[PDB]
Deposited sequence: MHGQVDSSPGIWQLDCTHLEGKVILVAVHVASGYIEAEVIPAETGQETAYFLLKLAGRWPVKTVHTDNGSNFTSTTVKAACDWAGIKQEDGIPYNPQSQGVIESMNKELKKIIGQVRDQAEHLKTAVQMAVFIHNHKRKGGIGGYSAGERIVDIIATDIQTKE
């Protein structure tokens, strides 16, 4: 399961947030985009796949994933197309929304907070640690 991601959209302050969750780790990446378009989705996926070993993305079946540009991006990147941390992200965005002028800044603060937050006590791991451990282990 190291190459499995789930992608979802969130709408906030009349803007769109694209969120990718690495399913096995809970690690997230996110971008704020003007609108939920095929071009933006394709670009997002291309960035994701240049950064992590992406094999499969699970999506809602919106039209932004059907587009020919998204299909070309996925073909090129070797990606196959097919809420727990999602309500959380919204939560953290609120907790810090005041520390920032723009929405996209608060979003990236929340991603930061989420990915570095240790789960559990001493002995625990953050999501950022889990994803790299999983991938490093897979590579052996």
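Missing from the model relative to the deposited sequence are positions 1-7, 90-102, 161-163 (no C-alpha coordinates, numbering from 1).
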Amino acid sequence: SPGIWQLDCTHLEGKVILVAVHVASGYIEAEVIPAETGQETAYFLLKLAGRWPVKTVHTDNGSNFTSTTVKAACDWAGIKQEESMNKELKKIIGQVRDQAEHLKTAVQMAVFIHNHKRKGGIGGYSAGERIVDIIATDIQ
From here on, numbers count along this sequence of modelled residues.
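For the pair 83-91 and 33-41, the mean Cα B-factor is higher in 83-91.
For the two regions 59-67 and 22-30, the entry's Cα B-factors average higher over 59-67. Per the PDB record, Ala100 has a higher Cα B-factor than any other of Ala100, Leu48, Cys74, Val107. Annotation for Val16: CA B-factor lies in the highest third of the chain's modelled residues.
Residue-level temperature factors show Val111 in the lowest third of its chain, judged at the C-alpha atom.
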